[PDB]
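Trainee: Before the rest arrives, take these chains from my complex:
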Amino acid sequence: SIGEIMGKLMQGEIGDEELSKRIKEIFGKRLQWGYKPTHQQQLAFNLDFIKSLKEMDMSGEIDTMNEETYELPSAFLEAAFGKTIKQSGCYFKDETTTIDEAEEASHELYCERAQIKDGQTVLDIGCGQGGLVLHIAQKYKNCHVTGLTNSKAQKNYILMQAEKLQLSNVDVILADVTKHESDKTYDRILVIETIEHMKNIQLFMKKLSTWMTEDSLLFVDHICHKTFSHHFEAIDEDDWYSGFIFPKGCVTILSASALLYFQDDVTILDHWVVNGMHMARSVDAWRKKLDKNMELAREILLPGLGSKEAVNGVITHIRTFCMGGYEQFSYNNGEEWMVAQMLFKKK
């Protein structure tokens, strides 16, 4: 029945209404799994999860997703995502806000909450296509901004964009952050929807703290559930969705509070969440834009992929990610899965 559903899915035989319904149900089951009848039990559940993280490696399973997803061609990414190719929840002020506007508003929100000021050294960990790196570099000309990514395609895209934008204050480190060794410290460290690719947050935060001084601030933004934590993994044997979107071990969804338990080496200063309708609007805009540019996307992908079938596979994956993300983040008007943000200083 799994192979059946997957079969129809790949062959575009599941209508959008049915697809949305199916994925919503899967998320409903995660909610039933995660909510406990008493706060006593809720904390026992959450603490068990947190403790389990401390017995893992720093890194999640990243190898496959890096090769398959994070090393996709920039030109395909341009046809699906907004102008700066942001791959993270964006911020929509108005009904009529476009994805390009929502990217910029999100960048501004991060600069505000991370207390970016001109002249600082800034490290963006898991910088993606570098929308935030480029935003900070252009807005704060005396900042030096470093992006760090384990993707060659991302690094190359950023450096080309910086050259086109006449920015002189940008560099990019190509590194697996879990393996990166350096004595360098930064005034500001930003981690936008990258920590989900880590497991042992204790070890990750420890390493980040060694790249901070007493003057530094660390800003983290992560997909969350407000109440409980879960790995982004099949809820049961009927769950065709979760393991299609991300490989096992790749992505953790921390609760909105989970990082409060990872203060061995940094100390919290502030804590927010952004309602999930912003993320819902983000994935919806991506889905609609991919649909609009569907023919173009297929043409871009066909060389490097080799077959119309393999192209349709990548497209189905991205589109289904958006359709499913819509149900996840819009659930109960954005009050289940959402985005958490925290500001820390070093011990």
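Mentor: Nice, thanks for sending it over. Numbers count the residues shown, from 1 in each chain, chains lettered A, B, ... in the order given.

Trainee: where along chain A do the strands fall?
Mentor: A:121-125, A:144-149, A:170-174, A:188-192, A:217-225, A:230-231, A:252-255, A:266-274, A:337-346 (DSSP state E).

Trainee: between those, which gets nearest to residue A:13?
Mentor: When the strands of chain A are compared by Cβ to Cβ, strand A:337-346 sits nearest residue A:13, at 27.8 Å. All C-beta spots, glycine's among them, are computed from the backbone N, C-alpha and C.

Trainee: so what secondary structure elements neighbour the closest one?
Mentor: Here strand A:337-346 touches strand A:217-225, strand A:266-274, helix A:277-292, helix A:308-330, going by 3 or more Cβ pairs under 8 Å, 6 or more residues apart in numbering; DSSP states H and E.

Trainee: switch to 7 Å and redo it
Mentor: strand A:217-225, strand A:266-274 (3 or more Cβ pairs under 7 Å, 6 or more residues apart in numbering; DSSP states H and E).

Trainee: Turn these into a markdown table, columns for distance to residue A:148 and mean neighbour count.
Mentor: Compiled in a markdown table, these are given as follows (distance: least, Cβ to Cβ, whole Å; neighbours: other Cβ atoms under 10 Å):
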| stretch | distance to residue A:148 | mean neighbour count |
| --- | --- | --- |
| strand A:217-225 | 14 | 24 |
| strand A:266-274 | 18 | 15 |
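
Trainee: For the residue lying closest to residue A:104 once chain neighbours are set aside, the count of nearby residues, please.
Mentor: Of all residues not flanking residue A:104 in the chain, residue A:135 sits nearest, at 7.4 Å (Cβ to Cβ, 6 or more residues apart in numbering). By the measure other Cβ atoms under 10 Å, the count of residues near residue A:135 is 22.

Trainee: cool, and residue A:40?
Mentor: Using other Cβ under 10 Å, residue A:40 has 9 neighbouring residues.

Trainee: Over to the one 5 residues further on?
Mentor: Taking other Cβ under 10 Å as the neighbour definition, residue A:45 ends up with a count of 18.

Trainee: ok, now residue A:44?
Mentor: With other Cβ under 10 Å as criterion, residue A:44 counts 12.

Trainee: ok, now residue A:275?
Mentor: Considering only other Cβ under 10 Å, residue A:275 is surrounded by 14 other residues.

Trainee: Kindly provide the distance from residue A:41 to residue A:47.
Mentor: Note on residue A:41: its distance to residue A:47, by Cβ to Cβ, to the nearest Å, is 11 Å.

Trainee: what do you get for residue A:269?
Mentor: From residue A:269 over to residue A:47 (counting by Cβ to Cβ), the distance is 23 Å.

Trainee: for residue A:260, same thing?
Mentor: 12 Å.

Trainee: can you check residue A:225 too?
Mentor: 16 Å.

Trainee: With residue A:246 instead?
Mentor: 25 Å.

Trainee: Comparing those two, which shows the higher neighbour count?
Mentor: With neighbours defined as other Cβ under 10 Å, residue A:246 and residue A:47 compare such that residue A:246 has more, 21 against 11.

Trainee: all helices for the stretch 51-200 of chain A, in order.
Mentor: Under the criterion DSSP state H, counting those that start in this stretch, the stretch 51-200 of chain A contains helices at A:63-65, A:74-80, A:99-113, A:131-139, A:152-164.

Trainee: Touching, residue A:267 and residue A:344? I think so.
Mentor: Yes. Judged on Cβ atoms under 7 Å, residue A:267 makes contact with residue A:344 at a distance of 6.1 Å.

Trainee: coming back round to it: ok, which of the strands of chain A comes nearest residue A:73?
Mentor: strand A:144-149 (15.4 Å).

Trainee: counting contacts, what elements does the closest one pack onto?
Mentor: Strand A:144-149 packs on strand A:121-125, helix A:131-139, strand A:170-174, going by 3+ Cβ pairs under 7 Å, 6+ apart.

Trainee: Tabulate the ones you listed (CSV), appending distance to residue A:113.
Mentor: Formatted as CSV, those follow (distance: least, Cβ to Cβ, whole Å):
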stretch, distance to residue A:113
strand A:121-125, 14
helix A:131-139, 12
strand A:170-174, 22
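
Trainee: one more, chain B:
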Amino acid sequence: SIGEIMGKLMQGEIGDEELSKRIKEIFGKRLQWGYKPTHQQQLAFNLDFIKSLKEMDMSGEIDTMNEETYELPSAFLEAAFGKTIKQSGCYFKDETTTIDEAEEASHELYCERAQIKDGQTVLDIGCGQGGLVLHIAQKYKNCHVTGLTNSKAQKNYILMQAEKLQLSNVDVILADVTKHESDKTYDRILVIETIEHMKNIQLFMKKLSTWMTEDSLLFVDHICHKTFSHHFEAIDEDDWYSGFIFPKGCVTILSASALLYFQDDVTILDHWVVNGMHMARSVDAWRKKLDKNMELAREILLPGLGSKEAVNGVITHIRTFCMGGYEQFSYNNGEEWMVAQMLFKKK
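Mentor: This next block brings in chain B, placed alongside the chains you saw above:
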């Protein structure tokens, strides 16, 4: 109308059913005040509260309550409370568990969760009548156990009990903890329902950390609400209850998570809550026992108080505390106000 209600109350003219109803309503209004429509707003509210604490003195307003309540005669306290005169939520396994049994079960739970082991030095901050100090001293003969209290009556009670119980490993420091200076460190620091009498938790935790080594553990138990924090203060102009029970500035009710934001100098290891029906059962047992020993209580109090009217005042205060506490802690079957517990080590 306030003076009216207070008038009838002091004159025993409010029946129990009406009293319970009135106080429940007051707690209902606190719930409406504290629950926000979105987690975004809930965190904004909670963070504002936490930030406000960092701009206060370490100590709450303790002077009046110390003189009026914490310096009451032990013999009166014996007639209202359980065998060890525990003044904190206790733990009831069974329908038929007595307050004396519930005190002991609570003491055992603290020893378990604080990881007490024979041979450790132990400091009990705000030790009350020393039930926990005496429990640890008797169960772990190689432990040295120090109680600390700002009450002369409490110190004197504990030292007499230790002498009667043939304990040689107990001492008591008479000190305001917010003023206590010492180079002494302890393997274990316990704070059972005392932190509610502090305000600036940042300064309080900082001081406790200076009394810890790398080997120490800090265990805190505090009355909480699961979701939000509040001062125990009049909700509005109709609230005759809150300011009758505690003086303004005396008692803070932290959320179940609030202490997670006070990790500048200590780091969390574990976190629990105990459902509020345990506290409800605790105050109910006190209320019933005071009622049973009402005539005796009045006789004990009459000397030091000087008038039957002033005696009735103290009795009304304690009884109303129990009646109101019942409504507070039993609200929604113990799933609103409850007891939070956390275990920390030093940075």
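
Trainee: since we added chain B, can you redo the neighbour count of residue A:44?
Mentor: 15 (other Cβ atoms under 10 Å in any protein chain shown).

Trainee: What of residue A:290?
Mentor: Residue A:290 - counted by other Cβ under 10 Å - has 19 other residues nearby.

Trainee: Do I have it right that it meets residue A:297?
Mentor: Yes. Counting by Cβ under 7 Å, residue A:290 does reach residue A:297; the two are 6.3 Å apart.

Trainee: what does the stretch 201-347 of chain A put close to chain B?
Mentor: A:226, A:256-257, A:260-261, A:263-264, A:267-268, A:270-275, A:335, A:338, A:347 (Cβ under 7 Å from any Cβ of the partner chain).

Trainee: Distance of the residue nearest in space to the middle of chain A relative to chain B?
Mentor: The residue lying closest to the centre of chain A (Cα atoms, centre = their mean) is residue A:193, at 3.3 Å. Here the criterion is Cβ to the nearest Cβ, to the nearest Å. By it, residue A:193 lies 18 Å from chain B.

Trainee: Please apply the same query to residue A:255.
Mentor: Separation of residue A:255 from chain B (Cβ to the nearest Cβ) stands at 11 Å.

Trainee: Also residue A:188?
Mentor: 20 Å.

Trainee: residues touching that residue, list them.
Mentor: Residues in contact with residue A:188 (Cβ atoms under 7 Å, 6 or more residues apart in numbering or on different chains) are A:114, A:116, A:120, A:122, A:216, A:217.

Trainee: neighbours around the residue nearest to it when sequence neighbours are not counted, how many?
Mentor: Closest residue in space to residue A:188, ignoring its immediate chain neighbours: residue A:122 at 4.5 Å, by Cβ to Cβ, 6 or more residues apart in numbering or on different chains. Number of residues near residue A:122 (other Cβ under 10 Å) recorded here: 24.

Trainee: do the same with the one 4 residues further on
Mentor: Using other Cβ under 10 Å, residue A:126 has 23 other residues around it.

Trainee: how about it, what does it touch?
Mentor: A:149, A:177, A:191, A:194.

Trainee: repeat that with 8 Å
Mentor: Residues in contact with residue A:126 (Cβ atoms under 8 Å, 6 or more residues apart in numbering or on different chains) are A:148, A:149, A:177, A:191, A:192, A:193, A:194, A:197.

Trainee: For the stretch 1-150 of chain A, what lies in contact range of chain B?
Mentor: Neighbours of chain B within the stretch 1-150 of chain A, by Cβ under 8 Å from any Cβ of the partner chain: A:38, A:39, A:40, A:43, A:44, A:47.

Trainee: hmm, try it at 6 Å
Mentor: A:38, A:39, A:40, A:43, A:47 (Cβ under 6 Å from any Cβ of the partner chain).

Trainee: My guess is residue A:103 contacts residue A:82. True?
Mentor: Yes. Counting by Cβ atoms under 6 Å, residue A:82 is a contact partner of residue A:103 at 4.5 Å.

Trainee: Tell me the buried residues in stretch A:183-190?
Mentor: A:185, A:186, A:187, A:188, A:189, A:190 (16 or more other Cβ atoms under 10 Å in any protein chain shown).

Trainee: Pick the one among those residues closest to chain B.
Mentor: Nearest to chain B out of the buried residues of stretch A:183-190 is residue A:189 (Cβ to the nearest Cβ; 18.8 Å).

Trainee: Run through the bridge partners of the closest one.
Mentor: Beta-bridge pairing for residue A:189 (DSSP bridges): residue A:123, residue A:218.

Trainee: what sits against it?
Mentor: By Cβ atoms under 6 Å, 6 or more residues apart in numbering or on different chains, the contact set of residue A:189 is A:123, A:208, A:218.

Trainee: can you check residue A:306 too?
Mentor: So residue A:306 contacts nothing (Cβ under 6 Å, 6+ apart).

Trainee: Backbone dihedrals for it, both of them.
Mentor: Dihedral pair for residue A:306: phi 100, psi -20, per degrees, to the nearest 10.

Trainee: mind checking how far it is from residue A:314?
Mentor: Counting by Cβ to Cβ - residue A:306 and residue A:314 are separated by 11 Å.
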